[PDB]
Amino acid sequence: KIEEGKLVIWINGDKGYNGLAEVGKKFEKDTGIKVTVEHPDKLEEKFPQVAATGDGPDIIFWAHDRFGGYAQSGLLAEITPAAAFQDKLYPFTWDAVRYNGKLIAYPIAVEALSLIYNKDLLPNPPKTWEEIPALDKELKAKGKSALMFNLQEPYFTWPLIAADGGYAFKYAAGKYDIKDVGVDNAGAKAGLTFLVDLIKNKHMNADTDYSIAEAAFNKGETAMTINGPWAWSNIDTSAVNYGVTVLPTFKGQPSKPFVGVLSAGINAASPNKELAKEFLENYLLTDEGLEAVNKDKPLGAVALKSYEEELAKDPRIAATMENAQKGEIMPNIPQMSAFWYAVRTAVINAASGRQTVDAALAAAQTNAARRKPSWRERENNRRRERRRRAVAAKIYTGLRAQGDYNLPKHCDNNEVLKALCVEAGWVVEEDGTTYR
Amino acid sequence: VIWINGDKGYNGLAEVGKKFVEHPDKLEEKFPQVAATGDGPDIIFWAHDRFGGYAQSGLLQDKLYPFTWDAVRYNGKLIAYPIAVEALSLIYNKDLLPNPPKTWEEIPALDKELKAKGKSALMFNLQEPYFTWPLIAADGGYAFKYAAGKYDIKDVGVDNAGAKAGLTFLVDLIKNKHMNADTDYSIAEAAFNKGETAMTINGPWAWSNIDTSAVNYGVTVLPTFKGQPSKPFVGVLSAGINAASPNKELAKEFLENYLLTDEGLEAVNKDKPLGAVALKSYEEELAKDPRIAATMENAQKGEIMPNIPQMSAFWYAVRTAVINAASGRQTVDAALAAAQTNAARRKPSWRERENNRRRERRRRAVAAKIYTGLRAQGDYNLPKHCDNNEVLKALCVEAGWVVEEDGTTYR
DNA sequence: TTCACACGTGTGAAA
DNA sequence: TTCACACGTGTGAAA
Ligand SMILES: OC[C@H]1O[C@H](O[C@H]2[C@H](O)[C@@H](O)[C@@H](O)O[C@@H]2CO)[C@H](O)[C@@H](O)[C@@H]1O
Ligand SMILES: OC[C@H]1O[C@H](O[C@H]2[C@H](O)[C@@H](O)[C@@H](O)O[C@@H]2CO)[C@H](O)[C@@H](O)[C@@H]1O
């Protein structure tokens with residue numbers, strides 16, 4: 001619960017929350033307002049649950065794709081930056097946080113996956129996914145692997161699924177069509193099949209998660225990983241000399257990562273909107289604010305023009321934005337969470353052998369497009385069955401009371417119904433078969 | 001490939017492996033789930049208290065100390081090999097607090113003194129009842145009373161005057177804003193390691209991260225409550241072999257010949273301290289560390305955790321009681337009353353679930369066949385589409401009943 | 001779109 | 001122990 005006079009921030013555990021706390025300390029030193037930064041697990045899921053009742057942090061950080069669902073649920077304050085401040089950030093980052101014509105968060109940085117490779121183990125990274133199996137065969141002879149990345153979050157395999165034609169929601173006529181899902185087309189199946197076949201041919205393992213891949217690459221056991229700018233800090237501290245380059249092609253086509261804009265939304269229930277707004281506009285989104293976060297864990301391409309023009313000189317940022325250009329900014333519509341849940345199930349089930357590729361993507365197709373009933377539709381259904389049971393209960397109450405049907409002391413309603421049927425000239429077998 | 005909890009020295013055990021490991025979430029919960037399908041680990045490490053429920057469900061010599069073996073044995077058999085003895089201790093910042101408090105009762109006044117300097121007195125994980133149980137047991141609270149050579153499931157003490165007094169004091173610390181109900185492991189560790197809070201409660205595994213920080217810390221006895229010692233539940237980190245593992249003795253020799261060495265326990269121990277290890281050879285060296293001396297001084301005023309299968313229901317019950325009372329969702333009396341009831345709660349067997357599933361399937365099939373027959377041969381004056389309640393009404397009127405709109409029925 | 005029966009488990013009865 | 005109606009949501013029909 002937000003208490004007035006201080007700020008509590010939620011940011012994911014892979015970002016530079018220690019650097020962000022340093023910005024919080026400067027804010028506390030100038031205005032007196034205490035700023036606490038926390039990184040709980042599954043925070044993008046926890047926020048919509050607690051924020052609906054007015055709980056949750058003052059400020060929540062996540063990629064922009066989750067915020068439109070938050071805004072639709074009335075969990076976010078509208079962001080009211082003056083025009084002079086809006087111009088300090090790239091226009092496309094503001095677009096990422098615009099929903100129903102209103103700005104619902106401050107954009108922070110642009111995130112895109114890249115290929116990260118070990119220069120010493122592999123001076124020339126592969127340009128295509130197709131040459132990965134042969135490469136791993138060649139590295140397995142020296143006790144190494146070619147490629148390990150997180151297969152528990154669909155974010156990391158989506159560039160491959162999208163390469164030959166898979167997509168989330170088709171953009172048409174200025175809008176995303178929530179009924180036009182492309183996780184089931186030929187391109188998506190081609191990309192996921194190539195992933196599943198790397199697993200079947202023992203080039204990757206289906207249970208590899210984030211920490212396994214990160215540990216493997218930074219210990220020098222795999223030649224390549226796929227990860228974002230936040231991951232560069234831990235590689236720097238390791239004994240691995242790495243490079244950041246474009247993702248491999250698949251069927252001669254570029255991998256298309258879904259591009260995220262790390263964003264900071266303000267809780268609609270916060271009694272500290274202006275202090276939150278002041279912290280974000282005049283402390284975080286400054287050169288010095290972003291620098292403190294970025295030196296903890298790299299942010300990627302920051303939305304603030306002044307600081308990005310220094311970060312853009314870094315060849316790792318150049319590669320990041322090269323992959324970003326080949327990808328697409330994620331939608332922010334509320335249906336994105338249902339899309340992500342569906343594809344997560346599909347990748348894990350197909351990587352696991354629990355479902356075929358076609359069956360997994362077929363189910364993900366319908367789940368991502370499924371119409372979610374509103375609270376009122378749910379309540380209508382709940383009341384209809386409550387009423388149906390209520391009418392039945394009164395009928396059987398009356399039948400038991402006045403029937404004198406020659407029944408055992410404690411019998412179910414089916415027995416009462418049977419006694420009623422026989423009274424009306426019917427025969428009811430034990431299994432329920434009924435006729436006159 | 002082996003499962004160890006993410007707060008232990010998994011890198012230190014990985015270094016043992018290379019000369020010869022993953023840290024999942026909720027591993028203690030996942031293993032009973034994935035064993036029933038033959039999935040899971042070769043070897044699972046956890047405190048001994050969970051292994052009896054495992055042994056009851058069938059999922060699993062003198063170098064090591066005698067009592068460490070007793071903790072990992074259930075039904076006359078030995079289900080894991082003990083590695084280390086764990087007890088919580090009070091960890092304190094010497095620079096902020098040269099003289100740590102010896103009672104819980106003086107922590108409120110201390111926190112008011114520290115709040116004026118921008119600090120707090122105490123932060124520790126309030127989401128896991130392991131960390132609050134020492135205070136709950138101080139004035140008399142207990143899990144299952146040991147009597148007559150066994151733990152009695154009919155004598156549970158999470159609801160007595162001592163337990164209430166401990167939880168009431170904890171809740172009062174929160175209501176007087178000396179602690180926050182939502183403080184978890186990560187928040188408490190960060191605050192202490194950054195020098196923001198004067199004290200924390202944690203085990204030996206946490207010492208490594210404090211060493212990495214700039215905080216001069218000491219480890220000492222937990223504070224008393226009502227003049228009585230804090231009584232932590234003492235855990236023996238143990239090593240069970242999966243009953244379904246095809247590599248049992250290849251894993252067993254890894255246990256005895258590579259892990260439980262001094263070279264290898266050392267190697268894990270320098271990653272994150274294990275506590276008082278079960279191996280005597282190496283324990284004589286670590287025993288001279290004053291932090292280990294403090295750990296076992298807390299351990300002797302505590303009790304060894306039971307390993308009986310009810311421990312899971314006990315911990316779950318206690319965990320929701322603490323969270324519900326901390327947050328204000330339940331009063332202390334109501335929260336512990338619910339915990340007392342649920343601490344021994346029976347879980348229905350698979351077959352019992354299946355009995356219920358089949359019974360209701362049969363109930364619906366009998367009704368469905370009655371209404372199918374009525375619709376087919378009734379030739380009732382029903383609408384084109386209507387529910388079975390409408391058929392039932394039409395059957396009632398045929399038998400000489402009248403049924404009102406809402407279902408009130410009479411002759 | 002609304003709607004009905006299915007579905008497995010919850011609450012608590014009867015013993 | 002077994003048992004039965006309650007319970008809200010799933011599946012899929014009818015429109
Ligand atoms: O995997 C689905 C997941 O993808 C994205 O999450 C990214 C996030 O954008 C990055 O900042 C980083 O934390 O990696 C995450 C994947 O683990 C979406 O932003 C998220 O909504 C979605 O669930
Ligand atoms: O909080 C309930 C929990 O307590 C113990 O868990 C300890 C564990 O023994 C330690 O090794 C360390 O991991 O901290 C844990 C608490 O977060 C019991 O072992 C466990 O069964 C119980 O659920």
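Side-chain atoms are counted along with the backbone in the values below, which use heavy atoms only and exclude waters and symmetry mates. Every chain is numbered from 1 and lettered A, B, ... according to where its sequence line falls, protein lines coming before strand lines.
Map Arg357(B) and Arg345(B) each onto its nearest nucleotide of DNA chain C; the residue landing nearer the 5' end is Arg357(B). The 5' end of DNA chain D is approached more closely, in terms of each residue's nearest nucleotide, by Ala390(A) than by the other of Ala390(A) and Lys384(B).
Contact annotation: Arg375(B) side-chain N/O to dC5(C) OP1/OP2 distance is under 4.0 Å. Applying the 4.0 Å criterion to OP1 and OP2 of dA4(D), one finds that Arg363(B) has a side-chain N or O inside that range. In terms of phosphate contacts, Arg378(A) brings a side-chain nitrogen or oxygen within less than 4.0 Å of OP1 or OP2 of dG10(D). OP1 or OP2 of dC5(D) has at least one side-chain nitrogen or oxygen of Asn413(A) nearer than 4.0 Å.
Side chains of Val402(B) and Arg411(B) form no contact here, defined as non-hydrogen atoms less than 4.5 Å apart.
Within the structure, salt bridge (charged side-chain N to carboxylate O under 4.0 Å, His left out) contacts touching residues 316-325 of chain B (residues at least two apart or in different chains) are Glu128(B)-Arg319(B).
Taking only side-chain atoms of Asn381(A), from C-beta outward, the nucleotide of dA6(C), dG8(C), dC3(C) with the closest atom is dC3(C).
In this structure, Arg376(A) places its CZ atom 12 Å from P of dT2(C), rounding to the nearest Å. Here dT1(C) presents its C1' atom at 12 Å from NZ of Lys179(A), a figure rounded to the nearest Å. Note: CZ (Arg387(A)) to P (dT2(C)) measures 13 Å, nearest angstrom. Rounding to whole angstrom units, CD of residue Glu385(A) and P of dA6(C) are separated by 11 Å. Summarising the geometry, the separation between CG on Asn342(B) and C1' on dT11(C) is reported as 14 Å, rounded to the nearest angstrom. What separates NE2 of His410(A) from P of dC5(D) is a distance of 13 Å, to the nearest Å. Distance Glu377(A) CD to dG10(D) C1': 13 Å, rounded to the nearest Å. In this structure, CZ of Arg371(A) is placed 7 Å from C1' of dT1(C), rounded to the nearest angstrom.
Base pairing of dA14(D): its partner is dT1(C), meeting the Watson-Crick or G-U wobble criterion (both donor-acceptor distances under 3.5 Å).
Looking at residues two or more places apart in sequence or on another chain, you find a side chain to side chain contact (heavy atoms under 4.5 Å, CB included) between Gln33(B) and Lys30(B).
Annotation: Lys179(A), atom NZ; neighbour count of heavy atoms from other residues, nucleotides and ligands within 6.0 Å is above 12. At most 12 heavy atoms of other shown residues, nucleotides or ligands fall within 6.0 angstrom of atom NZ in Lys347(B).
Counting atom types as modelled, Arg364(B) pairs a side-chain N or O with a base atom of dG8(C) as donor and acceptor under 3.5 Å.
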